[PDB]
Amino acid sequence: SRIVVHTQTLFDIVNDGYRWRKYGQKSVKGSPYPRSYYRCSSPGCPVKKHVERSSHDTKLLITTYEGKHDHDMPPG
Ligand SMILES: [Zn+2]
């Protein structure tokens, strides 16, 4: 499934309570920075997300999630 989250932050990683493994990057029209692609780190979990800084309001990080976690937020 798909859900978008916006975060007002000057940093480029958002702690969303889950753990992620980056696997690639693509260029983003209108932004200095790439879009980063991640999969959830939990074994067997189908969730993926990508993250890019906004060119409309550069205070924002735009995260797009796909899939539903088959597990709880990991410990730690
Ligand atoms: Zn997961």
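Numbers below:
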item	result
Some residue of segment 66-75 being touching a residue at least 40 places away in the same chain (Cβ under 8 Å) and exposed (fewer than 12 other Cβ atoms within 10 Å of the Cβ)	yes
In segment 30-51, residue nearest to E66 (Cα to Cα) [restricted to those that are near the ligand (Cβ under 10 Å from one of its atoms), surrounded by 15 or more Cβ atoms within 10 Å (Cβ to Cβ) and of a type outside the set (K, R)]	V47
Residue count for segment 15-29, restricted to those that are surrounded by 15 or more Cβ atoms within 10 Å (Cβ to Cβ) and within 22 Å of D70 (Cβ to Cβ)	2
Subset of segment 2-15 [under 25 Å from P75 (Cβ atoms) and either within 11 Å of the ligand (Cβ to nearest atom) or polar (S, T, N, Q) (or both)]	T7, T9, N15
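So that you can scan it fast, the table gives a plain yes or no per residue for (1) closer than 21 Å to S1 by Cβ; (2) of a type in the set (S, T, Y):
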{"position": "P34", "(1), (2)": "no, no"}
{"position": "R39", "(1), (2)": "yes, no"}
{"position": "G44", "(1), (2)": "yes, no"}
{"position": "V51", "(1), (2)": "yes, no"}
{"position": "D57", "(1), (2)": "no, no"}
{"position": "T63", "(1), (2)": "yes, yes"}
{"position": "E66", "(1), (2)": "yes, no"}
{"position": "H69", "(1), (2)": "yes, no"}
{"position": "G76", "(1), (2)": "no, no"}
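Here the Cβ is made from the backbone with ideal geometry for all residues, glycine too, and neighbour counts use every protein chain on show. Only the coordinates and a few stated rules stand behind these numbers; no lab work does.
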